[PDB]
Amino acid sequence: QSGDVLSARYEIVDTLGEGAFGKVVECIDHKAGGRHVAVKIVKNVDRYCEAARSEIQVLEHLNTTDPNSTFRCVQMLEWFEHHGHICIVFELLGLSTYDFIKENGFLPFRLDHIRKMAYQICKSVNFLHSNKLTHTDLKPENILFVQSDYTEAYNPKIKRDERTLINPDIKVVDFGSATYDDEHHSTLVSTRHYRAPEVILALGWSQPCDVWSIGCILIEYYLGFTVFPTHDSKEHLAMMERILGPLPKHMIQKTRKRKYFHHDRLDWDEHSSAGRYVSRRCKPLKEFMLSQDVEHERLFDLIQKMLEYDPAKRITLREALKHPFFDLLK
């Protein structure tokens, strides 16, 4: 729907992202010199309208507490209605971290970039957690670069051109599923590959489910692919057990998802075809490390701690923010 105009000032010029909820488009602002903004145009459908209203209340709250985006939540500039669609105007950001890695052929991010991006992500999400909020849908498509500018450094190992990030500063976007401690918790949150085990087993969740998501995100940034290449719940659990060891017995006894379990163990045949697929694609976590130098070890020590099964034992983002992995940033 390009060349179209919203609120009589925002001319659509391009589509930046598409979603369950609707789309995000790039607009010229005819009333602000023509400089460009992002506009999230939400579907004309209850569940998405309520998510948009909820997102707007969350952002108003965060903009008020942190109007300078010290904690790197995306800045909402205004909102309105148009042919019944909720429209949210945001600062124009660059590419998502997913789209960047994709455009770069699924080459992983350099470890110094991961360091910084992970710090910022943990700072942002901890700010949410300090304000009684759980984001619930952290993933690379929701971490965006402030400006996604690169240079064209040739590398002879890959023997092929690659893109290096001028500046890897990010923002966290998408607060449509963000949930307060006191509000109703959805039964199923997160995108599947970033989804914590307590969510899969329907044990209830809070702030620690976002930490699991972040652990998964950092693994993708480091490898360039997910360690959970699945679309099935029980397999996904089988992949966790292969990467992280058995699930804790008390999580298994607490669950009502009995279909996944036989006696009090995961009902999984390692000799099935799905069993071979898991064994082939997944292996103990630390075996994914590309080097043994201590910086890589500390990343993986943090990763491991983020991917603690028991949400009560999982590391908090407060603790994460002082992890040895982050020192080289001072």
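Each residue number is its position in the shown sequence, starting from 1.
Mean CA temperature factor is higher for 143-151 when stretches 206-214 and 143-151 are set side by side in the entry. Here 226-234 and 166-174 are compared by their mean Cα B-factor, and 166-174 comes out higher. Residues shown: 220, 137, 81, 198. Highest C-alpha temperature factor in the entry: 81. Between the residues 40, 298, 305, 276, the entry's highest C-alpha temperature factor is the one at 298. Placement of the Cα temperature factor of residue 179 within the chain: lowest third of the modelled residues, per the deposited record. For residue 244, the recorded CA temperature factor ranks within the middle third of the chain's modelled residues. Among the modelled residues of the chain, residue 115 sits in the highest third by CA temperature factor in this PDB entry. In the deposited entry, the Cα temperature factor of residue 282 sits in the middle third of values across the chain's modelled residues.
Among all modelled residues in its chain, residue 97 ranks in the lowest third by Cα B-factor.
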